[PDB]
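Have a look below at one chain only, the form solved without 3-(3-methylindol-1-yl)propanoic acid (9F8), in structure tokens format.
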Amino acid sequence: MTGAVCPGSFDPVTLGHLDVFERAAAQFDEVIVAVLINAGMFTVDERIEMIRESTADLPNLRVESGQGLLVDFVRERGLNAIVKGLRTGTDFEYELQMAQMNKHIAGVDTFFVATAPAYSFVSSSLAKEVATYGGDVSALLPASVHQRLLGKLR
């Protein structure tokens, strides 16, 4: 009965995120994508739907929203692992502090997975920014999400 939680704001979910979800789903019996309720572009409901749309082929993955401490979200679902994607060593050091804190306060482990090379430079933020000024980000987002993004801007 293994399992992991994949956390984020996912505003919107990118192909980099989806790659991490797919890898987590391949290695744990159960995966929960945890969507933070927190000034964003998409509502929590929209963010959840976009993730659900993009993960239809992952039968052991579900999507849920929450707030407060991530470790409480994880433990209240009977799990004690987080899976997070990483691009750089700079990312590793900041996330490292959080992972060690989360282990300390709740015994929750964090597993980091290296970004697929093709998505090393995509982030929800840069994708939104580039799209806003007319740049083509269609290759960096699920087809679903891309059309939804065009809608919000226009």
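Shifts are known only where both forms have a C-alpha. Numbering starts at 1 and runs along the sequence shown. Note that the rigid core is defined as the largest set of C-alphas that superpose within 1.5 Å between two forms.
What follows is about the form deposited with 3-(3-methylindol-1-yl)propanoic acid (9F8) bound, which we do not show.
The three marked residues, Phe10, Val20 and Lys84, each reach 3-(3-methylindol-1-yl)propanoic acid (9F8) in the entry with it bound, with a heavy atom inside 4.5 Å. The single residue of 88 to 123 lying near 3-(3-methylindol-1-yl)propanoic acid (9F8) in the entry with it bound is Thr115, the criterion being any heavy atom within 4.5 Å.
Look at the core-aligned forms between the shown form and the other one and you find a single run of 3 or more residues with C-alpha shifts of 2 angstroms or more, at 87 to 92.
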